[PDB]
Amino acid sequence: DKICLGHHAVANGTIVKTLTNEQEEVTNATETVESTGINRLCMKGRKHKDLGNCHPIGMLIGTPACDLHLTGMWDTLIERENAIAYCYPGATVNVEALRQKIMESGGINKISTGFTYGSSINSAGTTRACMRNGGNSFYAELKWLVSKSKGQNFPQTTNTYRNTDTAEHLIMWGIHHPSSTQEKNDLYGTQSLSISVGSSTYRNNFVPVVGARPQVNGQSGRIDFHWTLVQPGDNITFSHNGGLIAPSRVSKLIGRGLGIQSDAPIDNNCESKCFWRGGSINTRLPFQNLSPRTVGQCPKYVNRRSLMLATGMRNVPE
């Protein structure tokens, strides 16, 4: 005649780690690190734009690939691995800043510069390297100004964009660097070329430079892109002897949105807020070990396979 006080035990218990003991068996535990994430991009609850093979810069300049992304609004902007920025070979100055600025946006609106040109200017210049449909073409937001009659000197020109908005506008132009000392003469004439640009907050000048270069996309020439932010009430003046690739329209970045770099397939059933290069992560758990590098509302990444949080007493039986 007696009474026994005891604790319960399981058949198969799980091991955890403590202050004083490694390999401490416990009745139950739950992990605090998530090692599994969805391969797909989970975009439910988020109105988003997918760029595919369109690079963000392209939106601002009008690369054919970005035709269906010249304007738009979005919670979330997704960029892909080999997206095209340039049809005509070139580069952009401080490109990473600009690209980031675009991924930090929640939409783009475009606005005519209202630029008009002299009769001695051919403002419909095109190129084999920038194809729309089957036709020779060019960047949608830019015009390649050449002298209407081959070989004459390009006239001294002046175009001033005037901003009448309550927000700043991003403006982008280009500078042509020909391949042959002939090409130059056939486009802008033989005169010394020069392209000054200037607003209340920006001053710069661009000399075109003929040089022997390898052909990229069947072109030895090069267009280098330059961009600045034009404040409300601010005007910006272009003064050019020829060489200026000049903006037809101008870009207003609008709102705030989450930029994503990835190649994961989009999915519209799954909910998430934390994204990385392959797939997405949604988990109650505070910690994670998939990606060291992640975007948005994300669980802190730790370099461990597992961290079991014990959910009960010591496991000890017969």
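Note that residue numbering begins at 1 and tracks the sequence as displayed.
Colleague: Return whichever of 150-158 and 132-140 has the greater mean Cα B factor according to the PDB record.
Modeller: Averaging CA B-factors over each stretch, the winner is 150-158.
Colleague: Which wins on mean Cα temperature factor, 77-85 or 170-178?
Modeller: Here the higher of the two C-alpha B-factor means belongs to 77-85.
Colleague: Using only the C-alpha B-factors in the record, can you name which of 251, 36, 261, 53 has the highest?
Modeller: So the option with the highest C-alpha B-factor is 36.
Colleague: According to the Cα B-factor stored in this entry, which of the following is highest: 217, 127, 100, 201?
Modeller: The record points to 217.
Colleague: Split the chain's modelled residues into thirds by Cα B-factor; is residue 104 in the lowest, middle or highest one?
Modeller: Its C-alpha B-factor belongs to the middle third of this chain's values.
Colleague: Which third of the chain holds residue 26 when residues are ordered by C-alpha B factor: lowest, middle or highest?
Modeller: Its C-alpha B-factor belongs to the highest third of this chain's values.
Colleague: Sorting the chain's modelled residues by C-alpha B-factor, tell me whether residue 66 ends up in the lowest, middle or highest third.
Modeller: Answer is lowest: the recorded C-alpha B-factor places it there.
Colleague: Taking the C-alpha B-factors as the PDB entry records them, is residue 40 in the lowest, middle or highest third of its chain?
Modeller: Top third by C-alpha B-factor.
Colleague: Can you tell me whether residue 205 has a C-alpha B-factor in the lowest, middle or highest third compared with the other modelled residues of the same chain?
Modeller: Lowest third - that is where residue 205 ends up once the chain's C-alpha B-factors are sorted.
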